[PDB]
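Asks: Take these chains first, placed just as they are in the complex:
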Amino acid sequence: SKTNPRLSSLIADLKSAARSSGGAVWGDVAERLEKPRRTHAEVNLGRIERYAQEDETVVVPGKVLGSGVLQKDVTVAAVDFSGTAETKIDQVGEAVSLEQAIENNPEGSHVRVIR
Amino acid sequence: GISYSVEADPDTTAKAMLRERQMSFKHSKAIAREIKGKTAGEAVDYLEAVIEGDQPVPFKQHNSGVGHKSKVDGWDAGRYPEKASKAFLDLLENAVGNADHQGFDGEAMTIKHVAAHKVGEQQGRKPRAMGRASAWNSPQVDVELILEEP
Amino acid sequence: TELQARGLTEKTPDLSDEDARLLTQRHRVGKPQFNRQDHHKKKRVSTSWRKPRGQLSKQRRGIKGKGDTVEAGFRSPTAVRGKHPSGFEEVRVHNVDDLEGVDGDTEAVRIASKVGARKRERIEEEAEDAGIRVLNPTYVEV
């Protein structure tokens, strides 16, 4: 039983999208976010660096942390970013919230789920 | 104590009541039962007859061990409660008195309602063998009487 | 010279053919008394239901004659559950403002019992004007 109202709306949004638009990643991300917090992702830059490719939004069904180096110009969408992750990322790419990703890409196309 | 458990029209009725009398409650219950309906005058003649040993009081409820009495009608067990009887005569003496002071014909009035109520026991203690002491109490009885014009 | 109950005492709710069907069913079927086992054998044991827990309990083991045991199977129909026997949905009411939003066509009002004569008078008249029946109406001699 999530207690955070925001995480709760974000989930309702992801669903509305996956159902209305051609989403599936969004419904897949909502699925995981509905599971308990220990299962949510905690990803450091190093991993996003190792598997991300330009022109393919990285979607982390959790929170992005700041260990390691990110040089690729990638747009990372996540539930949250640590103050440092958002900073290190903005230097080479763009950090956006899933609320925005669903906004520009309700069809959830050209995306890479990273955990 | 008790309060009259039955309504009584003042213009055609006279009341009386006994309070905390230490006497057999079981006897009271029996005497009441018996005189109910009788005339105050008749009830008094009856109670004097019991006291005298000429009229037995039917013991229908608390009759354990009591021996049969021929003069008892439609029942077998009976006795002659002289103490409780003298107490009802007192009650009746009060009732008829009040009745008269009001201008009624006391004796001629019908015992509309009469009932006894055990108000409590007076604590007593009797020493027994083996170092113990058991209860030895006296029942305390209230009794209500209502005289009604015929 | 005679007593008359204030308000729309005779008003009836308008139910779909189906709600009426189920309402009539609830009323036809009814249900067991569902009192506690053996409550009638010991004064110190009250009627309130307690699941029979004894390992040998006749009722617990379902012996015919020992009384039915509480199961979801006995639940009344959803479409009617909780309706007054008249078919109205009841709405507890504490004051005049509580009458606002109430649909007198399918809902009836029951003024809390704590409410006093002064405030009932206001509530009762205002409810009639809104076409709302009061389940516990004040009777006056008119």
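Replies: Right, received. Where do you want to start? Numbering: from 1, shown residues only, chains lettered A, B, ... in the order given.
Asks: and residue B:138, what does it touch?
Replies: Each residue near residue B:138 by Cβ atoms under 8 Å, 6 or more residues apart in numbering or on different chains is listed here: B:22, B:121, B:122, B:124. Where you see a C-beta, it was placed from the backbone N, CA and C, and this is true even at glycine.
Asks: Could you find the closest non-adjacent residue to the most centrally placed residue in chain C?
Replies: Against the mean C-alpha coordinate of chain C, by Cα atoms, centre = their mean, the closest residue is residue C:84 at 4.9 Å. In space, and not counting its chain neighbours, residue C:84 is closest to residue C:90: 5.5 Å by Cβ to Cβ, 6 or more residues apart in numbering or on different chains.
Asks: Regarding the nearest residue to residue B:24 once chain neighbours are set aside, which helix or strand does it belong to?
Replies: Taking Cβ to Cβ, 6+ apart as the measure, residue B:24 lies nearest to residue B:84, with 5.5 Å between them; neighbours along the chain are not counted. Under the criterion DSSP states H and E, the helix or strand holding residue B:84 is helix B:82-101.
Asks: Put this one in as RNA strand D:
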RNA sequence: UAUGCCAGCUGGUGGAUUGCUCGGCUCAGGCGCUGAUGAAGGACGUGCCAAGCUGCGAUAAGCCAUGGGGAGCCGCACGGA
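Replies: One more chain to add, RNA strand D, which I have set with the ones above:
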């Protein structure tokens, strides 16, 4: 219909319940030694009438001084004088 069974009514018995709190329980802050100049404790006295409590000590519910206080008072304790 007796004796009687089950439920209710009226009245008892009983004192649960609800409401009330002069007492507790706990925490916190402050303060902190008394006694041969005979303490603490106890006994016995002490009131118009006085048994208990409280106070007091043959000056005995009190005596004196300074300040406060104030039209009333004679303790708990609503009596009589």
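Asks: hmm, back to that, and the helix or strand following the helix holding residue B:84 with helix B:82-101, angle?
Replies: Under the assignment DSSP H and E, the closest C-terminal helix or strand after helix B:82-101 is strand B:110-122. Angle of strand B:110-122 versus helix B:82-101, following axes from the mean of the first three to the mean of the last three Cα atoms, to 10 degrees, is 130 degrees.
Asks: how near is the residue lying farthest from the centre of chain B to residue A:11?
Replies: Among the C-alpha atoms of chain B, the one most distant from their mean position (Cα atoms, centre = their mean) is that of residue B:130, at 39.1 Å. Distance of residue B:130 to residue A:11, given as Cβ to Cβ, to the nearest Å: 81 Å.
Asks: returning to what we had before: show me what the helix holding residue B:84 packs onto, helices and strands only.
Replies: With contacts defined as 3 or more Cβ pairs under 8 Å, 6 or more residues apart in numbering or on different chains; DSSP states H and E, helix B:82-101 has these neighbours: strand B:13-22, helix B:25-35, helix B:40-52, strand B:138-148.
Asks: add RNA strand E to the structure above, sequence below:
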RNA sequence: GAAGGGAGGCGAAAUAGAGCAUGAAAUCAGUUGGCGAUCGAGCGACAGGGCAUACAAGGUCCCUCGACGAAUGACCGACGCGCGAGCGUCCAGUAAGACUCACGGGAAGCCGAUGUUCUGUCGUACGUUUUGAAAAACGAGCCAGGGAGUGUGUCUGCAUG
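Replies: Just below you will find RNA strand E, in place on the chains above:
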């Protein structure tokens, strides 16, 4: 009779009159309803009758006929089999068929409900011990009130932040 009782007086109230706010149960007296001196015992549950019922907080219920009509499902008649009891084919998946509704008529102790009692079906408490409890195994006379997973520290999960 400084008792108690009756009458009276005060007060909103004495059913506030002295362990004197409220006044439950066990239980007692009187009394009402039902049963009752030819009849049988876990005291009831479910269904159906009798009798009983001021109002309020429930308002339904009965009878004709008609509509709908699941599973199931005929009599009669006709024909054809069987030693016989009886069966087959057609009539016919028709008439009938629980519930529900409509028309017309009716009930106001009348329908529900509550009390009690009668009838039918089932039924030797409850909790515990035990492979096995109605148990000739253990516990309680009855009622009210009281009556059993709590704290600190440490460890290990888990949900949420």
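Asks: rewinding a little: a helix runs through the residue farthest from the centre of chain B, doesn't it?
Replies: Yes: under DSSP: H, G, I helix; E, B strand; the rest coil, residue B:130 falls within a helix.
Asks: which is the next helix or strand following the helix or strand residue A:100 falls within?
Replies: Using DSSP H and E, residue A:100 maps to helix A:98-104. Heading C-terminal from helix A:98-104, the first helix or strand you meet, by DSSP H and E, is strand A:111-113.
Asks: hmm, who's touching that following strand?
Replies: Contact partners of strand A:111-113, identified using Cβ under 8 Å, 6+ apart, comprise A:25, A:28-29, A:51-53, A:56-61, A:77, A:105.
Asks: Please spell out the ChimeraX selection for the buried subset of these.
Replies: Applying 16 or more other Cβ atoms under 10 Å in any protein chain shown to the contacts of strand A:111-113, the buried members can be selected in ChimeraX as follows:
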select /A:25,28,29,52,57,58,59,60,61,77,105
